[PDB]
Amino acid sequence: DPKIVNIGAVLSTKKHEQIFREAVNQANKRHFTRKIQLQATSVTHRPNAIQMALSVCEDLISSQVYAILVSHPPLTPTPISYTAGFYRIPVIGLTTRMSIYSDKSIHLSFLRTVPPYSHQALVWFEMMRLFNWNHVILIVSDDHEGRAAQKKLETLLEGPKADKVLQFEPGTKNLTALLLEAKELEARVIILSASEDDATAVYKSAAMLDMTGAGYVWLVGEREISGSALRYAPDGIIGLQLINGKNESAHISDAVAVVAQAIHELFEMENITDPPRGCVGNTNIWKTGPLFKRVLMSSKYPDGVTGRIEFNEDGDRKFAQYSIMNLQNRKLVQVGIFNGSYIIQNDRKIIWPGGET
């Protein structure tokens, strides 16, 4: 007769709900569960935020969950983050890449198995070191996301330096004033941080200003080589792709493995209190919440499906792996991988805007 410790989840589909139920089962199989045994509790995303918040209370907090796994909906993890945060119940983001969830003030008990987009600056930095791009021009959107990338790239740079940083208003379709300012500089390495629709805007104007050809280097993230951004992207661009970043199944495995370990680690300590049973009539935080957060934050699982799972000072994923993509003859060709710490070039040659620098 062990103690049943529930783990909650807000997932995309019933297949994903079954994958979660299996991941938890396997965890119980692989751990010593005489004392504590896990139980999966889950729901799929609700049509709207009010219904989603209500679902967390009715379906998960009602079951006294110790943590809630959240996949990015096919709507945001925020109603989940706020409801769970209210009680200090940790939330594990599986596919949310937006840098705002790294905000400890608003998202006060949140960890993610995927890094925020701002973390691609770690790859660009290694790339700059490798190709000896000591002078760069950084173009960012004047939104939380764009500033997150700047703030992060700037941190790594403070060797290689950013000659100028240019911010633009999200939704601006004519950026030839921004891009002409960039063309005047000696630096020909342009780094871009912008949403798919804003990346398109930059791409079109840069082409009109003949800045997408030989001489220039375009270094970019995942969003900027996705959807409409890819239709107007200059041939020779360098983009990124977070390996398994959209694989909710791989992230369910890994999050459960991590949570299962942390639960068992937690119960090695004394005076572990249960979370509140439901929302109604409960306005007190879970006293064990903050300790369980510390335990999770400091958890390492190296044999994860998506790699070495570790969390940074913001509970964001460390040692994420990316595909270094190069647009060659309007085809997205992988030219290497950022393995979590090092750049590994593959036998496919990089074609730079034009030919070879």
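All residue numbers are counted from 1 along the displayed sequence. We call the rigid core whatever largest set of C-alpha positions still superposes within 1.5 Å between the two forms.
(message) For a rigid core alignment of each structure in 8 other deposited structures of this protein onto the shown form, which stretch has the higher root mean square Cα deviation: 84 to 92 or 102 to 110?
(response) Comparing 102 to 110 with 84 to 92, the one that moves more in 8 other deposited structures of this protein is 102 to 110.
(request) Quick one: core-superposed, which stretch strays further from the shown model in 8 other deposited structures of this protein, 211 to 219 or 182 to 190? Go by RMS C-alpha distance. (result) Checking 182 to 190 against 211 to 219 in 8 other deposited structures of this protein, I find the farther stretch is 182 to 190.
(request) Using the PDB record, quantify the missing residues of the deposited sequence between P74 and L75 as none, 1 to 3, 4 to 9, or 10 or more. (result) Going from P74 to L75, the model skips 4 to 9 residues of the deposited sequence.
(request) With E268 and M269 adjacent in the shown sequence, let me know how many deposited residues between them lack coordinates: none, 1 to 3, 4 to 9, or 10 or more. (result) Nothing is missing between them.
(request) May I ask you to compare 3 to 11 and 348 to 356 by their mean CA B factor in the entry and name the higher one? (result) Per the PDB entry, the higher value belongs to 348 to 356.
(message) Tell me which stretch, 252 to 260 or 179 to 187, has the higher mean Cα B-factor listed in the entry.
(response) Comparing 179 to 187 with 252 to 260, the higher mean C-alpha B-factor belongs to 179 to 187.
(request) Name the residue from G245, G171, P116, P90 with the greatest C-alpha temperature factor listed in the entry. (result) Comparing C-alpha B-factors across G245, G171, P116, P90, the maximum falls on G171.
(request) Going by the CA temperature factor in the entry, name the top one among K161, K152, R223, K104. (result) Comparing C-alpha B-factors across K161, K152, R223, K104, the top value belongs to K161.
(request) Would you mind checking where the Cα B-factor of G236 ranks among the modelled residues of its chain, as the lowest, middle or highest third? (result) Highest third - that is where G236 ends up once the chain's C-alpha B-factors are sorted.
(message) Using the temperature factors of the C-alpha atoms in this entry, rank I343 within its chain: lowest, middle or highest third.
(response) It belongs to the highest third of the chain when residues are ordered by C-alpha B-factor.
(message) Splitting the chain's C-alpha B-factors into thirds, which one does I80 fall into?
(response) According to the entry, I80 has a C-alpha B-factor in the chain's lowest third.
(message) Ranking every modelled residue in this chain by its Cα temperature factor as given in the entry, which third contains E313?
(response) According to the entry, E313 has a C-alpha B-factor in the chain's middle third.
(message) Looking at the temperature factor on the CA atom of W124, which third of the chain's modelled residues does it land in?
(response) CA B-factor rank for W124: middle third.
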